[PDB]
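Participant: So I've got this experimental structure, pasted below with the sequence.
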Amino acid sequence: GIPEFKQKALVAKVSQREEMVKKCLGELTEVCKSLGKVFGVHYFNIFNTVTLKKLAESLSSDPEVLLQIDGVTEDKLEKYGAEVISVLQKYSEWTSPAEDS
């Protein structure tokens, strides 16, 4: 009934997100490695190249969204999700407008 338009805090469109998704690729790398040394598995064992880019290109920390990722499964989102998403939560705040707390 009462839709919201004109956003809240306008600022850039196709520029800040590009640099945000890239950072996700790096940050996720760390968490991934840390997860391997603990789960007795290799870095690549956590997420594949296609996965790392996915979590970034989207920049959204979601369980269902990250599940549809290439290579990611219910076991990866339930085990690593708690970690990988821990680093993606930040993007969820950067992707959406406004920033209150």
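Facilitator: Arrived safely. Numbering: from 1, shown residues only.
Participant: Going by C-alpha atoms from here, please, whenever you check contacts or count neighbours.
Facilitator: OK.
Participant: Next, the buried residues of the longest helix anywhere in the chain.
Facilitator: Using DSSP state H, we find that the single longest helix of the chain is helix 16-38. For helix 16-38, the neighbour count (16 or more other C-alpha atoms under 10 Å) marks 17, 20-22, 24-25, 28-29, 31-36 as buried.
Participant: Max pairwise distance over these: which two?
Facilitator: 17 and 36 (28.3 Å; C-alpha to C-alpha).
Participant: Tell me who's in contact with residue 42.
Facilitator: By C-alpha atoms under 8 Å, 6 or more residues apart in numbering, the contact set of residue 42 is 33, 36.
Participant: Same question for the one 3 residues further on.
Facilitator: When contacts are counted by C-alpha under 8 Å, 6+ apart, residue 45 touches residue 36.
Participant: do residue 51 as well
Facilitator: 69-72.
Participant: Ramachandran angles for it?
Facilitator: phi -80, psi -50 (degrees, to the nearest 10).
Participant: still on that earlier bit, pull the CA atoms of the longest helix of the chain into CSV?
Facilitator: Provided in CSV are the C-alpha atoms of helix 16-38 (Å, rounded to 0.1, in the frame of the first residue of the first chain):
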residue,chain,number,x,y,z
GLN,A,16,31.3,1.0,-4.7
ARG,A,17,29.8,-2.4,-5.2
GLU,A,18,32.5,-3.5,-7.6
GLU,A,19,35.2,-2.8,-5.0
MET,A,20,33.0,-4.5,-2.4
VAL,A,21,32.6,-7.8,-4.2
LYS,A,22,36.3,-8.0,-4.9
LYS,A,23,37.2,-7.5,-1.2
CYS,A,24,34.8,-10.4,-0.5
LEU,A,25,37.0,-12.7,-2.6
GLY,A,26,40.0,-11.9,-0.4
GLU,A,27,38.3,-11.8,3.0
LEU,A,28,36.6,-15.1,2.2
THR,A,29,40.0,-16.6,1.4
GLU,A,30,41.2,-16.1,4.9
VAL,A,31,38.1,-17.6,6.6
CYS,A,32,38.2,-20.4,4.1
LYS,A,33,41.8,-21.3,5.0
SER,A,34,41.2,-21.0,8.7
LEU,A,35,38.3,-23.4,8.3
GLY,A,36,40.5,-25.9,6.5
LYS,A,37,43.3,-26.1,9.1
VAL,A,38,40.5,-26.8,11.7
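Participant: Thank you kindly, that will do.
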